[PDB]
Amino acid sequence: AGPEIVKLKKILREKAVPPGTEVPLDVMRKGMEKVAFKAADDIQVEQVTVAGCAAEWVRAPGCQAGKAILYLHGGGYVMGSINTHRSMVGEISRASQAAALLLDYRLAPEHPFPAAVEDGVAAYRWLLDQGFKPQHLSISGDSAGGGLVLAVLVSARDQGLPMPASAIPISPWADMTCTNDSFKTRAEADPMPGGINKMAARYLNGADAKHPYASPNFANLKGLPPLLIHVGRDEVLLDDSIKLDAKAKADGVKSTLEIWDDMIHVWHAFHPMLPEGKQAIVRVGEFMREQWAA
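The deposited coordinates, according to the entry record, derive from X-ray crystallography at 2.20 Å resolution.

Now the structure itself:
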């Protein structure tokens, strides 16, 4: 284990709210906003509106004309924004030499499932309408946002939309039942989970937790484009990614799973102080670019 991850783990444990204290949603939202990394100052940004949602085009230096990432941010379907994610997304734009469309999709409990999926589908539709070719498109996202990547592809496929060249779920939450072994197995190693059930409850609002667009580990994934799945060994959501990968394989989908030893939930987001964070982002961009050559 690098010294950075050890130090980051320690920091994350100090700051965590003890297990079981109920933090109000508005407190969690504001906290997440207040601690958001500022994006690199060579990242520029352009505010647009897409499918009735605020979005930003997030363009690092070196972007290729004609290419785009639909980016779907994490936050358990209940929090996160353009602000919480602009930094990391700017580094994914840098690594993939493509502009990212960062969508402020509708969040539960105000807008429960399937609002976020409708927003992602419509955003993808918007990109095709703007004239981006599907073979020039990628979709990526972290945590809740990473399951939503898969939910969007499935829903889009069902609606006759063409698939993009690739998809990169980062630490995807793709199974709202939260029953996988790793919630027990990886819980000690994970400094980042009865709070994950509250999110699920807020998102679902009574809907089937095995609904394909809520929990794409139960969806038919046939026809989806090549996947890169990043997950940390040291995370409660390990099993979501292992099982996602197996599902995709079974379903005929080209899938590459990288389990990064010693890594935590969306360790990418800590790229400013974590060498592996930077490395994993460079890898995401490498894969998007590889898939854009094939």
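Resuming the write-up.
Novice: Go over the pairing of strand 2 (residues 53-59) with me, naming the residues and quoting the values.
Specialist: Counting buried residues along strand 2, five of its seven residues qualify, which places the element largely inside the surrounding structure. Sheet topology places strand 1 (residues 44-50) next to strand 2; seven bridges connect them, and they run antiparallel. Considered in strand 2, the bridge of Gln47 is made with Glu56. If you look at the hairpin formed by strand 1 and strand 2, you'll find two residues sitting between the two strands, and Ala51 has a positive phi there, around 55°. Where strand 2 meets strand 4 (residues 99-103), four bridges bridge the pair, whose relative direction is antiparallel. When the bridges of strand 4 are listed, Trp57 appears paired with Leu101.

Novice: Let's hear about the environment of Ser155: which residues, and what values?
Specialist: If you trace the backbone, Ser155 turns up in helix 5 (residues 144-158). The class for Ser155 is buried, based on a relative accessible area of 5%. Sequence spacing of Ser155 and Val117 is 38 residues, and the spatial spacing of their C-alpha atoms is 7.7 Å. Contacts of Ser155, omitting those with residues within four sequence positions, involve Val117, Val121 and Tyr213.

Novice: Describe in detail the pairing of strand 4, supporting the description with residues and values.
Specialist: Among the five residues of strand 4, five are classified as buried, and the element is accordingly described as predominantly covered. Pairing between strand 3 (residues 68-72) and strand 4: four bridges, direction parallel. Note on strand 4: the bridge partner recorded for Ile69 is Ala100. Note that the unit made of strand 3, helix 3 (residues 82-96) and strand 4 has a crossover that is right-handed.

Novice: Mind laying out the sheet that holds strand 5 (residues 137-142), listing which residues take part and the relevant values?
Specialist: In space, the eight strands of this open sheet follow the order 1-2-4-3-5-6-7-8, with mixed pairing throughout. Sheet topology places strand 1 and strand 8 (255-260) at the edges, where each strand pairs with a single neighbour. Put simply, the sheet's adjacent strands are angled 20° from each other on average, direction ignored. Summarising the sheet, strand 3 and strand 5 pair through five bridges and their orientation is parallel. Each residue of the ladder has a partner; that of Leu70, found in strand 5, is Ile139.

Novice: Tell me about the packing of aromatic side chains, and please be specific about residues and values.
Specialist: Tallying each qualifying case throughout the model produces seven aromatic pairs. Ring geometry for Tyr77 versus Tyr203: centroids 3.7 Å apart, planes at 5°, classification stacked. Judged on exposure class, the residue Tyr77 and its partner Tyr203 are both buried. Between the aromatic rings of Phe113 and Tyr203, the centroid separation amounts to 5.5 Å while the plane-to-plane angle is 75°, which identifies the pairing as edge-to-face. When sorted by exposure, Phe113 lands in the same class as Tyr203, which is buried. Among the aromatic side chains, those forming a connected cluster through ring pairs are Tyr77, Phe113, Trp173 and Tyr203.

Novice: Help me get a handle on the side chain of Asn217, residues and values and all.
Specialist: Within the secondary structure, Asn217 is located in the loop between helix 7 (195-204) and strand 7 (227-232). Relative accessible area serves as the criterion here: at 9%, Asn217 is assigned to the buried category. Reaching out from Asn217, the side chain makes a polar contact with the backbone nitrogen of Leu244 at a distance of 3.5 Å. In this view, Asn217 contacts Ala174, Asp175, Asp240, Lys243, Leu244 and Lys247; residues no more than four positions away in its chain are not counted.

Calculation notes
- Sequence order sets the numbers: each chain starts from 1, possibly unlike the entry numbering, and residues with no coordinates are not included.
- The basis for every side-chain value is the complete set of non-hydrogen atoms in the structure, without hydrogens or water.
- Accessibility here uses a 1.4 Å probe with only protein chains present; expressed as a share of the type maximum, an area under 20% marks a residue as buried, one over 50% as exposed, and anything in between as partly exposed.
- Put simply, DSSP marks the helices as runs of H or I at least four residues long and the strands as runs of E at least two long, and each gets a number from the N terminus on.
- By the convention used here, strands pair only if DSSP detects at least 2 bridges between them.
- Throughout, a residue-residue contact means that at least one pair of heavy atoms, one from each residue, lies within 4.5 Å.
- The handedness rule is simple: strands pointing away from the viewer, and a clockwise path from the first strand over the helix to the second, make the crossover right-handed.
- Only the stretch in contact is used when fitting a helix axis, every axis being a line fitted to C-alpha atoms; angles between N-to-C directions are given from 0 to 180 degrees.
- Ring pairs are drawn from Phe, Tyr and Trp, using the six-membered ring of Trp, whenever the two centres fall within 6.5 Å, and their geometry is named by plane angle: stacked under 30 degrees, edge-to-face over 60, tilted for the rest.
- As used in this structure description, the phrase polar contact means that two N or O atoms lie within 3.5 Å; if the pair is within protein, one of them must be able to donate a hydrogen and the other to accept it, and residues adjacent in sequence are counted only when both atoms belong to side chains.

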